[PDB]
Amino acid sequence: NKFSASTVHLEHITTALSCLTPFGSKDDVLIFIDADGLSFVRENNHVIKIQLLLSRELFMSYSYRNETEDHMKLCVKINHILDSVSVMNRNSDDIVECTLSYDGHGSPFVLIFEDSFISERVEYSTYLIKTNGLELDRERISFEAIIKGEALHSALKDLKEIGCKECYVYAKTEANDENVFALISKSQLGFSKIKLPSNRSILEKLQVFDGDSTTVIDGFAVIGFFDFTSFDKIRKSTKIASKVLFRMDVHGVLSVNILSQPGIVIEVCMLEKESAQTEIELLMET
Amino acid sequence: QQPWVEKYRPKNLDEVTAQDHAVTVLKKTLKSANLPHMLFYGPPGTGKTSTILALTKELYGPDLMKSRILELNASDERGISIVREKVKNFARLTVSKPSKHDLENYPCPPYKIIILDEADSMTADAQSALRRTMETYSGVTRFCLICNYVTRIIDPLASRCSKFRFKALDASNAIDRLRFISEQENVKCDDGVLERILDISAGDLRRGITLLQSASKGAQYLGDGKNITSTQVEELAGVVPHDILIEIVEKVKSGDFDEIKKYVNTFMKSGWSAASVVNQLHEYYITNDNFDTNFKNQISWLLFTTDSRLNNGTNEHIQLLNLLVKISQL
Amino acid sequence: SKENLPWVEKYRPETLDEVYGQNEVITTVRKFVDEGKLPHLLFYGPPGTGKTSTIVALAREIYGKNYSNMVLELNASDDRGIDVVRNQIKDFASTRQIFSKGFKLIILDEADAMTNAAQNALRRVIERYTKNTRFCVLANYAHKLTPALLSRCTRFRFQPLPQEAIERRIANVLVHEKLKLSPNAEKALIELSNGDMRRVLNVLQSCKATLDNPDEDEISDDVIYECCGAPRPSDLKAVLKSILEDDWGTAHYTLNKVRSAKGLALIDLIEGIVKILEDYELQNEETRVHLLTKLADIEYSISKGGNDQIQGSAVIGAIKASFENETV
Amino acid sequence: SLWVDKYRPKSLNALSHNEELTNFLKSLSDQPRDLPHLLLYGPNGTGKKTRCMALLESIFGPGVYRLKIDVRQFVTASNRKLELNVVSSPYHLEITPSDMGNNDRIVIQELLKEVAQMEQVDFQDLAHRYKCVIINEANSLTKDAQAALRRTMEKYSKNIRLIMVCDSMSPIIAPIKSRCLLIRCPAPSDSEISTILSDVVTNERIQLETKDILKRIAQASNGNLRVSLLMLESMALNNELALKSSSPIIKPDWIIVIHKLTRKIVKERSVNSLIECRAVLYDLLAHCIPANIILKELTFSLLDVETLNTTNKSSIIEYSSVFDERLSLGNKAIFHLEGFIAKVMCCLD
Amino acid sequence: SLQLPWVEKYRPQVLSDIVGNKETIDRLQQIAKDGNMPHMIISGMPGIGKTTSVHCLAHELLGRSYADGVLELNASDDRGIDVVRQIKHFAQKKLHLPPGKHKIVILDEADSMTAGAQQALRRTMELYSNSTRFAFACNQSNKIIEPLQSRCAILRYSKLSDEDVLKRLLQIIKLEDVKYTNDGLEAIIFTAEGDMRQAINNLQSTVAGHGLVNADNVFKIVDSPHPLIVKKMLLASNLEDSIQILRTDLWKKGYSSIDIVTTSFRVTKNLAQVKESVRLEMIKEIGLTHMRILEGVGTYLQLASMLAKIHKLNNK
Ligand SMILES: Nc1ncnc2c1ncn2[C@@H]1O[C@H](COP(=O)(O)OP(=O)(O)OP(O)(O)=S)[C@@H](O)[C@H]1O
Ligand SMILES: Nc1ncnc2c1ncn2[C@@H]1O[C@H](COP(=O)(O)OP(=O)(O)OP(O)(O)=S)[C@@H](O)[C@H]1O
Ligand SMILES: Nc1ncnc2c1ncn2[C@@H]1O[C@H](COP(=O)(O)OP(=O)(O)OP(O)(O)=S)[C@@H](O)[C@H]1O
Ligand SMILES: Nc1ncnc2c1ncn2[C@@H]1O[C@H](COP(=O)(O)OP(=O)(O)O)[C@@H](O)[C@H]1O
Ligand SMILES: [Mg+2]
Ligand SMILES: [Mg+2]
Ligand SMILES: [Mg+2]
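Protein chains in written order, with this note's numbering: chain E, 1 to 286; chain H, 1001 to 1330; chain Z, 2001 to 2328; chain A, 3001 to 3349; chain S, 4001 to 4316.
Written out as structure tokens, the structure reads:
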């Protein structure tokens, strides 16, 4: 078997699968197999992409005896996996040892559930491969904000409750410790604003650059016009996030980094709309 | 056991008679791996389904077929939704890993075949939703379309599919196969028989083997150990006897409308098929030397119109009577 | 890899250099690409003329390694309803192109199969995000597209491929497969294609498979006619001569013998005779009308099946009838 | 019960109106294991269904006439719940897909496919091994249910066999006819119908006065045995258990209505007459009488008028053929049924 | 990668740059200045300025409040009854506009809206007529329900003439300093067929391909409208010429047979100098050919037979 991974903490992979649901629920899923860990990649409409990673440390056994190629790529549907694991989690209270397996190209993705009495085995059919171009430039970051998970989840839930057809993000740090970070929404209520606090427990670090990630300046704000349909795709991932890192460059790509508690790392890349700017500035100067 | 049609079905590509222009190409495919998209069209009972099944068996084998073959026919739904999801998903599937036995005994090409039999019954939208499915996944999936009327296949789809026409199986190219079946079923026949069967069965070997099976059943039942004669096969087929045809044409020569009306009324009670009597009248009237060029020119169109009307599913009493009245007034 | 592919897909052009026959449109789009402005294009023409190849090669010379992040290709194999247009296309157009290669491209292959609601909704997506995206529409039937959609798209017509382009591409295929083709065989191939590259490639593949020794063995016209199952020119001329001059019985016997010699169908013979009839110098002008009407009826009936022996006699009668008014 | 059902032959040896066909059926039933798919075609009421049931008895032994009705329901492409009566036997099955309309496709693709998929093997299983399904009125299948049958009865023929009864095989597609053995059932001669009626009156008390009235029944029935027995019972009930030579040959009401229509057409040829003809045609169609039969009977009543010359009759039959072709490839029957009449009275004038 | 197409680069921004419909454009300018713009329905054919005039009207009318005053909805946006119940909050909004000015709701492509949406639009147009005004723009006015057309002033835009197309082409050319000749511009107008957008696109394509706008360069990349070739084919005297057109200018040029049949139907509907009996016979023959084409027989012999039948019914 070119790849084999065993674990009993099935809640982690369950949260990995429930964090992949927001990006459509009946479509194809890319799984990258490498020595470092197990990663799921999903892309929607060429505008947003998620990338979860299950590290080797999450499995007691992680062989990867494959030698011809450094990384293995397979494409399997997500509806099949969801519909299977949904009925498999009927007796999840039992001590289940999940076993992932993949024998190479042309072989199905195996998912064995052993309870020491019953060994359910499922072979998922692998499809042809149609996902990196949607990555921010690391030398062009205009703002870098570290936000707590609970606050961001609450803000996203509020924006959902307000409707929030369109969304805006602000990143301004003035001369003093005036770190301003807000999530403005264009909703039925009108022009609503959710301002994150400047205190260090919610907003640990805000740093605004001149599109080079090296020169810090104050008094200038970076504006991001995002469709809330794509912005709500990170709500289910922030629900289990300890700290969330926000990064955006001048090309209009927002990279949400979510770390869970080791737990699971979630990377979401989001594209910016064409594009109200003066209205944003006037509302936040007010 | 089983009907001789489902008992003498070609198992390999060497048992497919009368179609070498396509079987040779499909055999050359076995050594190579560049099988194109195929469009099999021809008259009914010419061997298209048998040819494709034999090719599939020879390419994959019984074990790998269940994973590398998808067959969709008119007996299952093939709407736009099915075409856009199920066929697309099967084309998108990865080629399954062949076993060591399969690799050591069968060529095992690195692609799968989607067989769409009776594709003429598919709607135009469903066929349009196939074009890019075939084009994009051509290197991992192959398509075979089976139909009887090539016009019912849209031009874009017919362009991407290699066209293989299956010839009609007449007495000059299928006599050997029917002889083989006869000698392997111990069927005794007179000289001339097994050729009249193929003449009655115009381009159809399925019917020329079902007729032979029925003749053999009856001959075994009667139990005199005598050969099967042309009369028996003709009667079993449904061919009108020559005396009845001569009476029909004499009535036509008479011209009286009521005489023809009453003879047709008493003839339709015998249950004879209108197509068969029309065909026999065609043979008589065209191959005879007692009629002028103008008579034949007019009657050819008359028979053509009658046959076209009959093929549409119309009353045979009204069409036969009209044809005979018309032939009486030329 | 690319050696186990059908010749229709193995020889798909990758650059605009390899697209032959369509010269004016290729020149115009190359100049459009170089000048940096690309309008909303609409490609129209018969199937297998090189529209998809042309647009894909253009979008590879316009983007490059990011041809997968800048181009959104939707076709008939994908659902393209009102919701799809309102959500997927709208979100692809509104988002930014990461500045990569300027504008983004949307290729709508087989747009003639799209519903009228989707085409009507696409009108205000084409002309609103034209600053960020350019739409290309590929269609074979222009009557299925709304006039408004035709208004906002630049129409380029893909003509049927001329003889010279077919000859050049056949030479490329031959050199790449180590094959030999006689001039008469090339004539027959270019004539049977009817301005179609895919038919040419399929027939050439079948010809290669037909030959015993694909190398050292040439593809004569006889091989082409055997594999494609078309009547020889001499057969059509002989059948026509027998119908015109000989009596009914001799004409019927000659037609039957010609068809049984190589298992020729009746529809191909009808088409071949139709062309010669089209060429004739008729002097009554009712000959032409009767010929066309009767033979079209026969062809339609054949398309629905029936007695294949009644239809041949019908053809002979139609010809004799029409060519009796010529002498009138 | 009716005399058509009470005296129905219930075996292959009880058939007495065609002996060559009975010999052929016996030959088919001698070795039931390799029985092909059969298509019985011939005039209506000759006994095709009786012959099929006799053959099924001969192959599966007695047990096939114990019919019971099963209610089977489907759903169309959309959410249209549909019902089809399924009369079944321990050894065979009978359905009438034409009774459900244009949606016989779902019936063929679900019921027949399900029965054909089941092997019927009973602990390592001619008799209760393969299955026989009878398709009544195979002509009315709408050119698509016949497409779904091409593979159903070719791939699963090991555990199912098809025997369909159809009057005429013009509307049946060529692929369906190719896969099946054609069995022709000619109509009985008047002497055979007279003999059958004589047997019935011998087992009954209709108290015939002359055996030249049974010949009149046979001649008036035009070779239809069910109709012949129906008239026999009719007269033998209206005229008491007594059949005098003056007894009136009873004909169906729609037939005499069509004859009245014919006489009206011959007499009156005017627009108002055309409207009254339309009213009568609508009344006939309100009784679910098929339009092709209406046209056929109207044409053959028009051709029976002694006051019409040969040219008028030839024009009538030509118009009948043209409008029958139109009716076949049509949606509303009234248009063609009215066009035929209009042309008829435009020609007779 | 920085240039915009000439269709969008030269889209008029003021009502004075909208050629054609002289009287309608003057009326629109008067409404822009006076104010009190009524409910309007703007119909016409593609490429005449039905949206470049409603947007210009809204601009010149609202002006600085063109962001909180113009609620633009089109087919690309969802416009169900639920949306019509976005159109209610916008109407209920109070904005301090100059005297005589009203908010504008530009419902582009109102012919594609659902009937429930229109039945609710009536409620909105009835309860909030004193603050906001609705400007429907469509291609066929009959697709808007009569109760909505009752409350609106219908303005029908006619086809743009050759002079108003030539004037705008000359303006665009002087702005783009391209080279031309009279015959080339005449050919561009001829192929435009009353379409300004198509004329601009053809001029842009000709300039890009060659640079000089003459007849040859225009006609080698832009084809003469095929409806006119269909009309020429159907009006031929003898069958030789008609079949000759059908082949050379329609079959070998790549036009599909079904397209030819549909165009022939429309041409026959709008044909002149032909008797009604002849016209209906030609309609019947074209319908039969359309039936044959749709059933699968898309052959040149069917079209030749159709032309033969048309000639046969013409000469008698
Ligand atoms: N060339 C052939 N050699 C031998 N048997 C043949 C040949 N062609 C047809 N048959 C026989 O014909 C019967 C049916 O043939 P099929 O190929 O399955 O039918 P078909 O060609 O698909 O016609 P359809 O399905 O109506 S289009 C089988 O019993 C075959 O054995
Ligand atoms: N001009 C050309 N030069 C070389 N090969 C061509 C040319 N046109 C077509 N082909 C070949 O024909 C194949 C099919 O043509 P495509 O361009 O893919 O389809 P198409 O021409 O757009 O026709 P439709 O409308 O999509 S069915 C290509 O993959 C090529 O192999
Ligand atoms: N009257 C006009 N004068 C000048 N240019 C015009 C005029 N009308 C349209 N255009 C041009 O056409 C393009 C804008 O098209 P529109 O006016 O929006 O077409 P339309 O009349 O709205 O037709 P529809 O309904 O959208 S298909 C631009 O390139 C304009 O320059
Ligand atoms: N050989 C026969 N002897 C006596 N009655 C017969 C015979 N054949 C048919 N009949 C009568 O004809 C009636 C109807 O026959 P039916 O099965 O309806 O023929 P079809 O299937 O052609 O309509 C039956 O009720 C039966 O009594
Ligand atoms: Mg078949
Ligand atoms: Mg294409
Ligand atoms: Mg508009």
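Ideal placement from N, C-alpha and C gives every residue a C-beta, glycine not left out.
**Request:** Answer yes or no: the CB of A:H3017 versus the heavy atoms of ligand 4, is any distance below 7 Å?
**Result:** Reading the fourth sequence from its first residue, position 17 is the one you call residue 3017 of chain A. A heavy atom of ligand 4 is found nearer than 7 Å to the CB of A:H3017.
**Message:** In the DSSP output, which residue or residues are listed as bridge partners for A:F3074?
**Reply:** Along the fourth sequence, read from residue 1 onward, the residue named residue 3074 of chain A stands at position 74. Looking at the DSSP assignment, A:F3074 forms a beta bridge with A:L3082.
**Message:** Would E:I162 and E:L189 be called neighbours here (beta carbons separated by less than 8 Å)?
**Reply:** Indexing the first sequence from 1 puts residue 162 of chain E at position 162. Indexing the first sequence from 1 puts residue 189 of chain E at position 189. Yes, the pair counts as a contact, with Cβ atoms nearer than the cut-off.
**Prompt:** Which residues bound the beta strand (DSSP E) around Z:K2178?
**Reply:** Here residue 2178 of chain Z refers to the residue found at position 178 of the third sequence. Taken as a continuous stretch (DSSP letters only), Z:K2178 belongs to no beta strand (DSSP E), as it is neither H nor E.
**Message:** Beta carbons nearer than 7 Å to chain Z: which residues of the segment 4202 to 4223 of chain S have them?
**Reply:** From the segment 4202 to 4223 of chain S, only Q4204, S4205, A4208, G4209, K4220, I4221 and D4223 have a Cβ closer than 7 Å to chain Z.
**Item:** Beta-bridge partners of H:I1113, as assigned by DSSP
**Value:** Here residue 1113 of chain H refers to the residue found at position 113 of the second sequence. BP columns for H:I1113 point to H:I1069 and H:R1142.
**Request:** Taking only beta-carbon positions, decide if H:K1086 is within less than 8 Å of chain E.
**Result:** Within the second sequence, numbered from 1, the residue matching residue 1086 of chain H stands at position 86. For H:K1086, the answer is no, since every Cβ of chain E falls outside 8 Å of its Cβ.
**Nearest to A:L3285 (by Cα), restricted to the options A:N3312, A:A3333 and A:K3296** = Counted from its first residue, the fourth sequence places residue 3285 of chain A at position 285. The option with the nearest alpha carbon to A:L3285 is A:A3333.
**Anticipated Cβ contact below 8 Å, H:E1316 with A:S3168, distance rounded** = If you number the second sequence from 1, residue 1316 of chain H lands on position 316. If you number the fourth sequence from 1, residue 3168 of chain A lands on position 168. Indeed they touch by this definition, with Cβ atoms about 6 Å apart.
**Asked** Which residues share a DSSP beta bridge with E:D28?
**Response** Residue mapping note: residue 28 of chain E aligns to position 28 of the first sequence, counting from 1. In DSSP, E:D28 forms a bridge with E:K77.
**Asked** Is any heavy atom in ligand 4 found nearer than 7 Å to the beta carbon of A:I3196?
**Response** Taking the first residue of the fourth sequence as position 1, residue 3196 of chain A is located at position 196. The nearest non-hydrogen atom of ligand 4 is less than 7 Å from the C-beta of A:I3196.
**Prompt:** When the distance is taken between beta carbons, is Z:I2316 closer than 8 Å to Z:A2251?
**Reply:** The count along the third sequence starts at 1 and reaches residue 2251 of chain Z at position 251. The count along the third sequence starts at 1 and reaches residue 2316 of chain Z at position 316. Against a cut-off of 8 Å, the Cβ pair of Z:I2316 and Z:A2251 comes out as a contact.
**Message:** Any beta carbon from chain Z within less than 8 Å of H:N1311's own beta carbon?
**Reply:** On the second sequence, residue 1311 of chain H is found 311 positions in, with the first residue counted as 1. Interface residue, yes.
**Request:** Compute the minimum distance between the beta carbon of Z:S2151 and the heavy atoms of ligand 3, and state whether it is under 7 Å.
**Result:** Against the third sequence, residue 2151 of chain Z aligns to sequence position 151. Because some heavy atom of ligand 3 lies under 7 Å away, the Cβ of Z:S2151 counts as near it: yes.
**Request:** Per DSSP, which residues does S:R4011 bridge with? Please list them.
**Result:** For the purposes of this step, residue 4011 of chain S is identified with residue 11 of the fifth sequence, where counting begins at 1. In DSSP, S:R4011 forms no bridge with anything.
**Item:** chain H contacts from the segment 3289 to 3305 of chain A (Cβ-Cβ distance under 7 Å)
**Value:** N3292, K3296, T3299 and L3303
**Prompt:** Applying a beta-carbon distance threshold of less than 7 Å, which residues of chain A neighbour H:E1006?
**Reply:** As a working note, residue 1006 of chain H is residue 6 in the second sequence. Per Cβ cutoff of 7 Å: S3157.
**Asked** Who are the neighbours of H:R1009 on chain E, taking C-beta pairs under 8 Å?
**Response** Sequence index remark: in the second sequence, residue 1009 of chain H carries index 9 (1-based). Within chain E, no residue comes near H:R1009; the closest Cβ sits about 31 Å away, beyond 8 Å.
**Item:** Rounded C-alpha distance that separates S:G4069 from E:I141
**Value:** Translated into positions along the fifth sequence, residue 4069 of chain S becomes position 69. Translated into positions along the first sequence, residue 141 of chain E becomes position 141. Distance between the alpha carbons of S:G4069 and E:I141: 37 Å.
**Request:** Use the C-beta contact count for H:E1283: other C-beta atoms within 10 angstroms, 16 or more gives buried, fewer gives exposed.
**Result:** Here residue 1283 of chain H refers to the residue found at position 283 of the second sequence. Counting Cβ neighbours within 10 Å, H:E1283 comes out exposed, since fewer than 16 surround it.
**Bridge partners - residue 356 of chain E, DSSP secondary structure assignment** = The displayed coordinates of chain E run from 1 to 286. Any statement about residue 356 of chain E would go beyond what the structure contains.
**Message:** Please state the DSSP three-state secondary structure of A:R3151.
**Reply:** Within the fourth sequence, numbered from 1, the residue matching residue 3151 of chain A stands at position 151. Reduced to three states, the DSSP call for A:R3151 is helix.
**Prompt:** Would you say H:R1152 reaches chain S, if we count a Cβ-Cβ gap shorter than 8 Å as a contact?
**Reply:** For the purposes of this step, residue 1152 of chain H is taken as residue 152 along the second sequence, with counting starting at 1. Yes, because at least one Cβ of chain S sits closer than 8 Å to the Cβ of H:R1152.
**Asked** Under 8 Å, do residue 311 of chain E and E:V253 count as touching if we go by C-beta distance?
**Response** Summary: the structure shown does not reach residue 311 of chain E, with chain E confined to residues 1 through 286, and so no result is reported for it.
**Message:** Between residue 1332 of chain H and chain E, is any beta-carbon pair separated by less than 8 Å?
**Reply:** Beyond the ends of chain H as shown, which are 1001 and 1330, falls residue 1332 of chain H; an answer cannot be given.
**Message:** Rounded to the nearest angstrom, what separates E:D249 and E:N199 at their Cα positions?
**Reply:** Your numbering for residue 249 of chain E matches position 249 in the first sequence. Your numbering for residue 199 of chain E matches position 199 in the first sequence. So the two alpha carbons sit approximately 24 Å from each other.
**Request:** Taking only beta-carbon positions, decide if S:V4261 is within less than 8 Å of chain H.
**Result:** Mapped onto the fifth sequence, residue 4261 of chain S falls at position 261. Closer than 8 Å: no.
**Prompt:** Is S:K4088 near ligand 3, judged by its Cβ being under 7 Å from some heavy atom?
**Reply:** Within the fifth sequence, residue 4088 of chain S is the residue found at index 88, counting from 1. No heavy atom of ligand 3 is found nearer than 7 Å to the CB of S:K4088.
**Prompt:** Starting from H:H1101 and walking both ways along the alpha helix (DSSP H), at which residues does that stretch end?
**Reply:** Numbered from 1 along the second sequence, position 101 holds the residue referred to as residue 1101 of chain H. Counting along the chain, the alpha helix (DSSP H) containing H:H1101 begins and ends at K1100 to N1105.
**Asked** What's the C-alpha gap between A:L3035 and H:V1240?
**Response** The residue given as residue 3035 of chain A occupies position 35 in the fourth sequence. The residue given as residue 1240 of chain H occupies position 240 in the second sequence. If you take the alpha carbons of A:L3035 and H:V1240, they lie about 25 Å apart.
**Prompt:** Where Z:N2256 and A:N3159 are concerned, what is the direct C-alpha to C-alpha distance, given to the nearest angstrom?
**Reply:** Residue numbering aside, residue 2256 of chain Z sits at position 256 when the third sequence is read from its first letter. Residue numbering aside, residue 3159 of chain A sits at position 159 when the fourth sequence is read from its first letter. Answer to the nearest angstrom: the Cα atoms are 42 Å apart.
**Request:** Consult DSSP for Z:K2002 and reduce its assignment to one of helix, strand or coil.
**Result:** Stepping through the third sequence from its first residue, residue 2002 of chain Z is reached at position 2. In this structure, Z:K2002 counts as coil in the three-state DSSP scheme.
**Item:** C-alpha distance - E:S101 paired with E:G37, whole-angstrom precision
**Value:** Taking the first sequence and counting its residues from 1, the one referred to as residue 101 of chain E is at position 101. Taking the first sequence and counting its residues from 1, the one referred to as residue 37 of chain E is at position 37. Near 13 Å, if we compare the C-alpha coordinates of E:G37 and E:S101.
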